[PDB]
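Read the structure below first, then the notes.
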Amino acid sequence: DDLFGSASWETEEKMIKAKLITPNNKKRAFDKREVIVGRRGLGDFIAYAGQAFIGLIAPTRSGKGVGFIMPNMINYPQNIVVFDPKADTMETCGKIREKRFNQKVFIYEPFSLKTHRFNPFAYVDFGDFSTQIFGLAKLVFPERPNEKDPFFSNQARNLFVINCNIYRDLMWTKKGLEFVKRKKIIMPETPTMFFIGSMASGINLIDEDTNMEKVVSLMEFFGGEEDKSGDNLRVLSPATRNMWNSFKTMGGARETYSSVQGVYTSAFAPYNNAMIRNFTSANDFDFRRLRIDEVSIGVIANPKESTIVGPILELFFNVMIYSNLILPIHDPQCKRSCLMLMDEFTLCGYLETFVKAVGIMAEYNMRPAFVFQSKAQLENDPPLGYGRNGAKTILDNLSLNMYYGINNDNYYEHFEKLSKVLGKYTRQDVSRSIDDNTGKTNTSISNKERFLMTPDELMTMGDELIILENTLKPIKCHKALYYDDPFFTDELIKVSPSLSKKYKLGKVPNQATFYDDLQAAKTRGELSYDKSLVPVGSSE
Amino acid sequence: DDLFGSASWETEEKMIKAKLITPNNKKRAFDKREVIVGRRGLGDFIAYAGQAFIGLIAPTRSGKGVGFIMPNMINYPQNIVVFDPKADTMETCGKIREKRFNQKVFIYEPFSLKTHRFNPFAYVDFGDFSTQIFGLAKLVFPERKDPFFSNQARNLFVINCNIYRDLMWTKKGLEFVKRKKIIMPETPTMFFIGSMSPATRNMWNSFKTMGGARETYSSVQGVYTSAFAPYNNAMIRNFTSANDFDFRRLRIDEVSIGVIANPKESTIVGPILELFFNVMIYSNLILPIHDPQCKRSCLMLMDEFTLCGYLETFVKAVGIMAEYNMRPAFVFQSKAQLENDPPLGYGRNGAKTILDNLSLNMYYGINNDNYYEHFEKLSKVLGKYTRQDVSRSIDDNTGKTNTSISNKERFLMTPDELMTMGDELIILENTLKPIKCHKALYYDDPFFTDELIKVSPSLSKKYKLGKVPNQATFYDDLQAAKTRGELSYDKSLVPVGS
Amino acid sequence: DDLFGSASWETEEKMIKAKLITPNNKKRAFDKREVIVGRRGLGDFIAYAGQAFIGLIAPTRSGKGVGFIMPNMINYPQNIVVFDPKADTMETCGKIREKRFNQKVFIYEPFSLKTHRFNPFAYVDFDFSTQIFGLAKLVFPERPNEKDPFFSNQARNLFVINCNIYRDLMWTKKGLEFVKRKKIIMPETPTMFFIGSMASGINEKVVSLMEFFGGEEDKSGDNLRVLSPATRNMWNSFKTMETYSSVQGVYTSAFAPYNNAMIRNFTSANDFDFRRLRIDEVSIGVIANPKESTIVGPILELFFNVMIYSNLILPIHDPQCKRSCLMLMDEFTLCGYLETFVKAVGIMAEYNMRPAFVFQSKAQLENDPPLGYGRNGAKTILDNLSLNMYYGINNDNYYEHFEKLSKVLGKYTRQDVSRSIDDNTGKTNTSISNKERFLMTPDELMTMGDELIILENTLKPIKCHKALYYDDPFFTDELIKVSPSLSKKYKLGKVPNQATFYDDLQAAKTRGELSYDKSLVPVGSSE
């Protein structure tokens, strides 16, 4: 009966057709690169196949870690890139990623000497170049509408492009290399952000008269006082010469140049920090192989505690995503998937990269899962949010949304809307009339309406959750808790000697002690990635 | 009875009278330049005739391409201008456009050397002269705590173009330039104008008019350069390097125009697409009665419309474009994105102006809590009908039963029912009752897969014409054939720049 | 039947499973460091265990003290840091703490010479530059609400270089011998006033920063060599970037609150090391009000920023920090904008720093940073609250707040009776139907009186009674045991006289009977 609505939970047949489950789900092979998003029993999981992305609406301390991040970190067979702001996911699942899936683990922690390094210019072909340099400039000098005069930002972006072109002409051409050798110019074989920023003060060389280091401003070295014949200018390509002269006439002159250089140096200011400098000094893993090699990447950073890590991360993630925007059908060797467990998404602040990329990322097997506390934190101001439109474009590209329940008034309006989204169905209402004298009774049955789930029923769901897939009826299941299930605790105990000594395989671990013993074993490094392979650079 | 509402689906007879379907719909001729908007089954399509405009409210990944863009790309027999941001629509249907309908394919990719070029100065009559110049200046410097100066930069562009005009289309100016002092081209580009006789006497008076260059040249030149900066890019300079196709013949020749652009990835291409569409729309305000050559129609598949940003040309033109056979079909993610403020929207009243000119609206459904409000409204728009509600009573002693019938209201389609249509959709035509139908899936129908298999050798070996292709392998083989360019337009005629 | 709703109160079994109550609750041991949040009767309390934080939405004068602050002050056995602006909580429970839990009481009243002192430099080890840059960011707060951030935070580097030269000369015997030769005068340990005065230079004529370092008062440069030239290198970069005068001006304006003699005394020493807040058996009471004087604002921030950041060591990493510290944040919004709680409330739980934020309404937390925490900070604070107590008030200004609460509680299915009767015969007929009923209507919440609602994030709604301390022998016995004047009038174990207890309590409080040992807190003077 659909007189008062046709709301219902999705059927088994449709869930199977959507590849969410199999006819023998408890023994499913997990061969479709599926991400676990729920469960119906211990070992009976609902898992998302295909390429569509997942969103997780989970309030604070509601089990997003134990019910989504941890289980997929233990179970996902392809490559994973996980944001680990607390450095806890990797310290719990790195040994599993290494032993179970034979994957090399890379750790990116910009505020620690013990980190793998990322250098964006390692992904730029210096010997096309123009578009890569332009994209890097857009990342370093973002475009915004708040500014009253974007002239200075535009000119500093042009100055960045000019600096990159000058470096390419000086260190990646025969003429430029001979020029460098003649004038004794100091320049790296592969540039870094710190060096491109230092190029604002000018060229570094050795004075042939004093045999000491000297910096000559870009103004005087190229057509200026130290180039009265323009011979230093002729070393550059014609394009570089035109960019230089154009910058001079409309931004490199008068009151402008000093202010345009101030903006440039202020944009490169984050790299004065010794930690950020070391983090960007090299490139230990080629992101172009993120879908070729069997790897797992952990990003340990907190853009809220450290304001200067925001841009870095941006560059990072941008280079990480656009480096893999080549279809696998065009490169048959890029056959692996990369699950991007975007835990604590709102912690990243404004990352333009995802807002610009989510609409195309799917077909290239860069599969993120956005876990956040509420839509409000997503819609926030730039530095701590994404804006209304940014949050809207992020949410629009989320086909499977998991909704956790919590009994907090600060979420009522949320669970009300969700309740309305679940719709109503027709139920039977029984009434009874009684003759007070004779005792005879009459029983009437009528049709009434009822919400599939009321707001309070969602709010008190406990460890149950709702799943909304864009092409299916709503689903209600249980959280895929890892500690409750031998399916995950077996993998956790197999790689730890103390848990092996304490708990047996295949059996549900004693819940009064298993979490505390797991934390104790994690403290000793038993569940962590092999920390020896993480390089420790020094303050250079 | 209608006490609790009179809502109802439209009848087959009224749909026939509205020309959406024919008596023998499966054998319809498609001779009214119709746009397919839905299907009642394989080869049994609902198609919009006339000149009215189509709106498609399609959520993200709801199938707008496979259910609207691709079917009309394969079927529509007149001219087509399609927005192709992912570079997949043309790569999939260009061979059909060129082999089935015999149409020249023009690809405009501003961010690639391999592109056809568009120059607005190719649409001016160097020799109502200055009207085009002032409109072009309004496009170059948009009207908007910092007034003036930008108007002075617009005047700078005005007498800039006037200076280049006097420099060529004068008999003495030819010798003056033949003194070999400047290197002006024969026909100007936007980059050249940016880098730069009583009417010329007034132009000199303008050179000393408001004194915009007297102690204030720096800021005016800075704003002028901030406006002309898109043309410092090599890709943009190559895009404006020439004009390959004349938009004044968009309704004369048999052509298909694809535009590969993305202003959200780069806010630089915004003004170029603005100029592009302005000249394209404003090159065809000639009625076919006045110009008997402009007989063809131009269906504008505005896919990913909200990604284009604020194109005020559309806001001003939608109300008059219909009679000139410039027929757009707007596809936007949701209405909320359309009404947004100018930067990434059209404003509330501008979006309302655009939406008022849409007479057929297709509504896809997805189960997403972010689209609830919309769908709720849609539910209310469909109205309610009257339904019978049966109740029963029983005497628990004797066992006799009593059956009662009353009337209640029922939504024609509840919000969650709209959200869970799957491959079904709602059609609302201004003059018709609501319609429910199936998405015109192209990969499911031999009606379109026959055209896809015809022009490709690989699909011709694999699948037989007229038979529904093996759904387990058809899409993958289509992709494998697209990798070798069997379905793509012939790319050898796409010019390449330095 | 749940046709019209399934809302209900949480069952005894679940409250037992959530450690809120025990199978013999009246004889509960209180061994799980629990926090009382209500009662089912005299001596039968509901108590939150674990590490989750508490929020108390108690309207004005609805009894946050007698129903939450005072009973937990009496009952909670671990460490406590309480906010006591009226100086009444400490005055009533200090003797209780001292003589029942053997806990020493630390009182931080920055506007009374009778106070304990807090020195932020007592937590630095003479990771140097890290802590110095920290304290610099703590003093000069980075704010994105300014036309340029490159107008202020160079005073932070100025502070950093001043502390670096302090490490270079004052704590080094060679620098000390230079100091004795030139007769510069500095305390062995620095204070905020001093680092602020270092902008004036060497502290008898005071020379400034440019003449004493390679200027007119020192041309030979003998002073620049004794100090480690790393500070000179760090300062030579900022030397280039009317501007230096503005930087010194923002320096002096930031250090302005330390010119007041009371803030002088309050930051002159450090009686308690906040790193031992989870090792020792202590109880801290803060008596300050940022709303009547803005200058107290920053100090309190420094007081709390150091207090929690020094206790951010996991007990698994240092088992010595085994004690828990319940932070009774009574009158939370009085604290203005303290960036510490907004910036760290999301990570404190695992470190056994357990706050209970008490505020009258939600809309006031969202107030602008001057008076509130802003909407974002308020949202974060509320998001980190797992148990929320709701007191009632029959005041229309709160109606909306309770209406939402009513809706949050949901509805259940109730039986509805209808009666018909024949007028001639007189026989009757009774019909039963199902109807919806709010678990608690808005006006029912508003007229709750001494009852309250408890929303635990993982449980069903709970309705209970305020844990009144003057009502229960559980707390009045403890209060009497420490007071000679109260023991001769009321006996123990029995409920005392309600018409005479509060007055005698206030009389004994004025006699200092129930207060902490006041002779044990230091008294300063003018500096």
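In the structure tokens, each chain is lettered A, B, ... as it comes, each chain's residues begin at 1, and ligands are numbered from 1 in order of appearance.
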Exercise for review: Find the spatial neighbours of stretch 362-365 of chain A, counting only C-alpha atoms, within a cut-off of 9 Å - ignore same-chain residues fewer than 6 positions away - and output them as a ChimeraX atom specification.
Suggested key: /A:51-53,291,324-328,335-339
Kindly determine which residues of chain C lie within 6 Å of chain A, considering only C-alpha atoms, and give the answer as an mmCIF file with N, CA, C and O atoms, in the first residue's frame.
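Output saved as selection35.cif:
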data_model
loop_
_atom_site.group_PDB
_atom_site.id
_atom_site.type_symbol
_atom_site.label_atom_id
_atom_site.label_comp_id
_atom_site.auth_asym_id
_atom_site.auth_seq_id
_atom_site.Cartn_x
_atom_site.Cartn_y
_atom_site.Cartn_z
ATOM 1 N N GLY C 410 11.546 13.961 20.854
ATOM 2 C CA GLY C 410 10.658 13.131 20.067
ATOM 3 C C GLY C 410 9.336 12.867 20.762
ATOM 4 O O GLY C 410 9.046 13.368 21.851
ATOM 5 N N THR C 428 -23.134 2.899 28.084
ATOM 6 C CA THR C 428 -21.965 3.610 27.593
ATOM 7 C C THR C 428 -21.110 2.709 26.710
ATOM 8 O O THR C 428 -21.237 1.481 26.719
ATOM 9 N N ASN C 429 -20.234 3.350 25.941
ATOM 10 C CA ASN C 429 -19.296 2.687 25.050
ATOM 11 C C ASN C 429 -17.964 3.417 25.129
ATOM 12 O O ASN C 429 -17.927 4.651 25.133
ATOM 13 N N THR C 430 -16.875 2.654 25.192
ATOM 14 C CA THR C 430 -15.531 3.201 25.326
ATOM 15 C C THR C 430 -14.679 2.745 24.149
ATOM 16 O O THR C 430 -14.594 1.545 23.866
ATOM 17 N N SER C 431 -14.056 3.702 23.466
ATOM 18 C CA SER C 431 -13.221 3.442 22.303
ATOM 19 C C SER C 431 -11.785 3.850 22.600
ATOM 20 O O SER C 431 -11.539 4.891 23.219
ATOM 21 N N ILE C 432 -10.844 3.025 22.146
ATOM 22 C CA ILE C 432 -9.418 3.212 22.393
ATOM 23 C C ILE C 432 -8.726 3.418 21.053
ATOM 24 O O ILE C 432 -8.935 2.638 20.116
ATOM 25 N N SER C 433 -7.904 4.461 20.962
ATOM 26 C CA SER C 433 -7.140 4.736 19.754
ATOM 27 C C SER C 433 -5.712 5.110 20.131
ATOM 28 O O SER C 433 -5.392 5.324 21.301
ATOM 29 N N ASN C 457 25.390 11.607 24.227
ATOM 30 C CA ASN C 457 25.490 11.473 22.777
ATOM 31 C C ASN C 457 25.129 10.073 22.298
ATOM 32 O O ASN C 457 24.584 9.920 21.199
ATOM 33 N N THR C 458 25.414 9.048 23.101
ATOM 34 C CA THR C 458 25.220 7.662 22.699
ATOM 35 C C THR C 458 24.012 7.001 23.350
ATOM 36 O O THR C 458 23.795 5.800 23.146
#
What are the residues of chain B lining chain A at 7 Å or less? Count only C-alpha atoms, and put the answer as a compact mmCIF listing (two decimals) with C-alpha atoms, in the first residue's frame.
# COMPACT_ATOMS: atom_id res chain seq x y z
CA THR B 60 25.85 15.38 -10.55
CA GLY B 222 47.34 48.93 -14.59
CA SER B 226 44.86 43.51 -15.70
CA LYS B 264 36.42 27.03 -12.93
CA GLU B 265 39.85 25.43 -13.38
CA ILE B 366 18.85 10.94 -7.17
CA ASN B 367 18.71 9.89 -3.52
CA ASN B 368 20.84 12.67 -2.04
CA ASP B 369 19.94 14.63 1.09
CA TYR B 372 15.72 17.33 -0.78
CA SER B 391 -11.02 0.64 6.57
CA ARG B 392 -12.35 -2.56 8.13
CA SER B 393 -14.14 -3.44 11.37
CA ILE B 394 -14.89 -6.81 12.94
CA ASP B 395 -17.11 -7.88 15.83
CA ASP B 396 -14.76 -10.01 17.93
CA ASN B 397 -17.71 -12.16 19.10
CA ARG B 410 -2.26 11.49 -2.40
CA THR B 414 6.18 12.12 -3.15
CA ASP B 416 11.34 10.28 -1.87
CA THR B 420 14.25 7.16 -6.21
CA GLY B 422 16.45 5.81 -10.96
Point to revise | Backbone-only DSSP, strand (DSSP E or B) members of stretch 67-175 of chain C, as a count of residues only | key: 11
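Interatomic distance, atom CA of residue B:200 against atom CA of residue B:219: 25.2 Å.
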Selection near stretch 386-401 of chain C, 10 Å with only C-alpha atoms, sequence-local residues under 3 positions removed, as a short mmCIF file (atom, residue, chain, number, x, y, z; two decimals) with N, CA, C and O atoms, in the first residue's frame:
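Contents of around.cif, freshly written:
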data_model
loop_
_atom_site.label_atom_id
_atom_site.label_comp_id
_atom_site.auth_asym_id
_atom_site.auth_seq_id
_atom_site.Cartn_x
_atom_site.Cartn_y
_atom_site.Cartn_z
N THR A 60 31.52 14.50 16.06
CA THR A 60 32.76 14.28 16.78
C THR A 60 32.60 13.15 17.78
O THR A 60 31.60 13.07 18.50
N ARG A 61 33.59 12.25 17.81
CA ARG A 61 33.61 11.09 18.71
C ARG A 61 32.40 10.19 18.47
O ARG A 61 31.72 9.75 19.41
N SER A 62 32.12 9.90 17.20
CA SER A 62 30.99 9.05 16.83
C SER A 62 31.42 7.77 16.12
O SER A 62 30.56 7.02 15.65
N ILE A 406 23.66 10.58 16.50
CA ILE A 406 24.12 11.08 17.79
C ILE A 406 22.97 11.84 18.44
O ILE A 406 22.16 12.48 17.76
N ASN A 407 22.87 11.74 19.76
CA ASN A 407 21.78 12.38 20.50
C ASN A 407 22.25 13.72 21.08
O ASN A 407 22.42 13.89 22.29
N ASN A 408 22.47 14.66 20.17
CA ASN A 408 22.89 16.02 20.52
C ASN A 408 21.98 17.00 19.80
O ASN A 408 21.77 16.89 18.59
N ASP A 409 21.44 17.97 20.55
CA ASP A 409 20.51 18.92 19.95
C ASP A 409 21.16 19.72 18.83
O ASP A 409 20.48 20.13 17.88
N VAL C 37 25.88 14.49 37.87
CA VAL C 37 25.12 15.32 36.94
C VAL C 37 23.64 15.26 37.27
O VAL C 37 22.80 15.75 36.51
N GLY C 38 23.30 14.65 38.40
CA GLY C 38 21.92 14.56 38.81
C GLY C 38 21.71 13.40 39.76
O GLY C 38 22.64 12.69 40.12
N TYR C 48 28.76 10.69 35.52
CA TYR C 48 29.42 10.46 34.24
C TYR C 48 30.83 9.93 34.48
O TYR C 48 31.63 10.58 35.15
N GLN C 51 36.05 9.83 29.98
CA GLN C 51 36.80 11.06 29.79
C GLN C 51 36.03 12.13 29.02
O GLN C 51 36.60 13.19 28.74
N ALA C 52 34.77 11.89 28.68
CA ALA C 52 34.02 12.83 27.86
C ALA C 52 33.65 14.09 28.65
O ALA C 52 33.37 14.04 29.85
N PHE C 53 33.65 15.22 27.95
CA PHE C 53 33.41 16.51 28.56
C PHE C 53 31.92 16.72 28.80
O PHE C 53 31.07 16.03 28.24
N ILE C 54 31.60 17.71 29.65
CA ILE C 54 30.22 17.95 30.05
C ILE C 54 29.84 19.39 29.70
O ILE C 54 30.66 20.30 29.83
N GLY C 55 28.61 19.57 29.24
CA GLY C 55 28.04 20.90 29.05
C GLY C 55 26.80 21.05 29.91
O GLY C 55 26.03 20.11 30.06
N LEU C 56 26.63 22.24 30.48
CA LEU C 56 25.48 22.53 31.34
C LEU C 56 24.83 23.81 30.84
O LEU C 56 25.37 24.91 31.02
N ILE C 57 23.66 23.67 30.21
CA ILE C 57 22.86 24.81 29.77
C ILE C 57 21.89 25.08 30.92
O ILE C 57 20.82 24.46 31.04
N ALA C 58 22.29 26.00 31.79
CA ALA C 58 21.51 26.37 32.97
C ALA C 58 21.18 27.85 32.89
O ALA C 58 22.09 28.69 33.00
N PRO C 59 19.92 28.21 32.68
CA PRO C 59 19.54 29.63 32.61
C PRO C 59 19.93 30.38 33.88
O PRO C 59 20.31 29.80 34.89
N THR C 60 19.83 31.70 33.80
CA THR C 60 20.27 32.56 34.89
C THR C 60 19.55 32.22 36.18
O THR C 60 18.32 32.12 36.22
N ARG C 61 20.33 32.02 37.25
CA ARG C 61 19.83 31.75 38.60
C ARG C 61 19.03 30.46 38.69
O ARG C 61 18.26 30.27 39.64
N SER C 62 19.21 29.54 37.74
CA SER C 62 18.52 28.26 37.77
C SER C 62 19.22 27.23 38.66
O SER C 62 18.74 26.09 38.74
N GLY C 63 20.33 27.58 39.30
CA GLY C 63 20.95 26.70 40.27
C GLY C 63 22.11 25.87 39.75
O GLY C 63 22.23 24.69 40.09
N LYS C 64 22.98 26.48 38.94
CA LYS C 64 24.17 25.77 38.49
C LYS C 64 25.10 25.44 39.65
O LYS C 64 25.80 24.42 39.61
N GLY C 67 23.33 22.72 42.20
CA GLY C 67 22.94 21.50 41.53
C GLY C 67 24.04 20.83 40.73
O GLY C 67 23.85 19.71 40.23
N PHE C 68 25.19 21.49 40.59
CA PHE C 68 26.28 20.90 39.82
C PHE C 68 27.65 21.25 40.41
O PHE C 68 28.43 20.35 40.74
N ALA C 356 33.89 20.79 32.30
CA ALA C 356 32.44 20.94 32.27
C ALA C 356 32.15 22.43 32.07
O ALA C 356 32.38 23.24 32.97
N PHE C 357 31.68 22.78 30.88
CA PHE C 357 31.38 24.16 30.52
C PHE C 357 29.96 24.49 30.94
O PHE C 357 29.01 23.86 30.47
N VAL C 358 29.81 25.49 31.80
CA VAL C 358 28.50 25.93 32.29
C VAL C 358 28.18 27.27 31.64
O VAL C 358 28.95 28.23 31.78
N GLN C 360 24.57 29.88 30.28
CA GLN C 360 23.13 30.09 30.40
C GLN C 360 22.39 29.66 29.13
O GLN C 360 21.37 28.98 29.20
N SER C 361 22.89 30.07 27.97
CA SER C 361 22.20 29.78 26.72
C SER C 361 23.22 29.53 25.62
O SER C 361 24.40 29.88 25.74
N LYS C 362 22.73 28.93 24.53
CA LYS C 362 23.59 28.66 23.39
C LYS C 362 23.92 29.93 22.62
O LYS C 362 25.05 30.10 22.15
N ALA C 363 22.95 30.84 22.49
CA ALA C 363 23.13 32.02 21.66
C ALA C 363 24.23 32.94 22.19
O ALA C 363 24.76 33.75 21.42
N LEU C 382 30.71 23.22 21.59
CA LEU C 382 29.52 22.39 21.76
C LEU C 382 29.69 21.02 21.10
O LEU C 382 29.13 20.03 21.58
N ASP C 383 30.44 20.95 20.00
CA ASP C 383 30.66 19.68 19.33
C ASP C 383 31.49 18.74 20.18
O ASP C 383 31.37 17.52 20.05
N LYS C 404 12.95 23.44 20.52
CA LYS C 404 13.87 22.54 19.85
C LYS C 404 14.14 21.32 20.73
O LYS C 404 14.03 20.18 20.27
N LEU C 405 14.46 21.56 22.00
CA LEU C 405 14.73 20.45 22.91
C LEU C 405 13.56 19.48 22.93
O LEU C 405 13.75 18.26 22.80
N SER C 406 12.34 20.02 23.03
CA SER C 406 11.15 19.18 22.98
C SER C 406 11.16 18.32 21.72
O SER C 406 11.04 17.09 21.79
N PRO C 442 7.21 21.64 25.17
CA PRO C 442 8.05 22.80 25.53
C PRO C 442 7.71 23.39 26.89
O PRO C 442 8.61 23.60 27.71
N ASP C 443 6.43 23.64 27.15
CA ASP C 443 6.05 24.22 28.44
C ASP C 443 6.32 23.25 29.58
O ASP C 443 6.53 23.68 30.72
N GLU C 444 6.34 21.94 29.30
CA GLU C 444 6.70 20.97 30.33
C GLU C 444 8.18 21.06 30.69
O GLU C 444 8.55 20.92 31.86
N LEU C 445 9.04 21.30 29.69
CA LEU C 445 10.44 21.54 29.98
C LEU C 445 10.62 22.86 30.72
O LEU C 445 11.41 22.96 31.66
N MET C 446 9.86 23.88 30.31
CA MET C 446 10.01 25.20 30.91
C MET C 446 9.59 25.22 32.37
O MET C 446 10.16 25.97 33.17
N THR C 447 8.60 24.41 32.74
CA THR C 447 8.14 24.31 34.12
C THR C 447 8.72 23.09 34.84
O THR C 447 8.11 22.57 35.78
N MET C 448 9.90 22.63 34.40
CA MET C 448 10.53 21.46 35.00
C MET C 448 10.84 21.67 36.47
O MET C 448 10.87 20.71 37.25
N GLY C 449 11.09 22.91 36.88
CA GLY C 449 11.47 23.16 38.26
C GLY C 449 12.85 22.59 38.55
O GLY C 449 13.80 22.78 37.78
N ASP C 450 12.96 21.88 39.67
CA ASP C 450 14.23 21.31 40.10
C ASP C 450 14.59 20.04 39.35
O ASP C 450 15.55 19.35 39.74
N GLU C 451 13.86 19.71 38.29
CA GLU C 451 14.21 18.58 37.44
C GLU C 451 14.98 19.07 36.22
O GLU C 451 14.97 20.26 35.88
N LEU C 452 15.67 18.14 35.57
CA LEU C 452 16.50 18.49 34.43
C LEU C 452 16.51 17.33 33.45
O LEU C 452 16.13 16.20 33.77
N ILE C 453 16.96 17.65 32.23
CA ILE C 453 17.13 16.66 31.17
C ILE C 453 18.62 16.46 30.92
O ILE C 453 19.41 17.40 31.03
N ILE C 454 19.00 15.23 30.62
CA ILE C 454 20.38 14.87 30.31
C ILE C 454 20.37 14.20 28.94
O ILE C 454 19.66 13.21 28.73
N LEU C 455 21.13 14.77 28.01
CA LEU C 455 21.31 14.19 26.68
C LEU C 455 22.75 13.68 26.60
O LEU C 455 23.69 14.48 26.55
N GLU C 456 22.91 12.37 26.61
CA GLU C 456 24.19 11.74 26.33
C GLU C 456 24.24 11.36 24.86
O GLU C 456 23.26 10.84 24.31
N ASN C 457 25.39 11.61 24.23
CA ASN C 457 25.49 11.47 22.78
C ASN C 457 25.13 10.07 22.30
O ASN C 457 24.58 9.92 21.20
N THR C 458 25.41 9.05 23.10
CA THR C 458 25.22 7.66 22.70
C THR C 458 24.01 7.00 23.35
O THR C 458 23.79 5.80 23.15
N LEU C 459 23.22 7.74 24.12
CA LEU C 459 22.13 7.16 24.89
C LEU C 459 20.81 7.82 24.53
O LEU C 459 20.74 8.74 23.70
N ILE C 462 17.48 11.31 29.27
CA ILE C 462 17.35 10.98 30.68
C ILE C 462 16.68 12.16 31.37
O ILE C 462 17.01 13.31 31.11
N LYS C 463 15.70 11.87 32.23
CA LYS C 463 15.09 12.89 33.07
C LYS C 463 15.42 12.58 34.51
O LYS C 463 15.29 11.43 34.95
N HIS C 465 16.54 14.59 38.68
CA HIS C 465 16.46 15.71 39.60
C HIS C 465 17.85 16.30 39.82
O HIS C 465 18.86 15.60 39.73
N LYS C 466 17.89 17.60 40.08
CA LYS C 466 19.16 18.26 40.36
C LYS C 466 19.79 17.67 41.61
O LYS C 466 19.12 17.41 42.61
#
Practice item. Mind giving me the straight-line distance from atom CA of residue C:13 to atom CA of residue A:63 in Å, one decimal? Key: 22.6 Å
**Study point:** Residue contacts of stretch 162-179 of chain B (7 Å, only C-alpha atoms) excluding same-chain residues fewer than 3 positions away, as a count of residues only
**Key:** 5
Practice item. Using backbone DSSP assignments, extract all helix (DSSP H, G or I) residues from stretch 65-156 of chain A; output them as a PyMOL selection string. Key: chain A and resi 65-75+89-99+120-123+129-140+151-156
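The protein and nucleic acid residues lying at most 8 Å from residue C:69 are residues 89, 328 and 330 of chain C, with only C-alpha atoms considered and sequence neighbours fewer than 6 positions away removed.
Distances here use only C-alpha atoms; by that measure, the residue among B:345, B:94, B:309, B:85 closest to residue B:259 is B:85.
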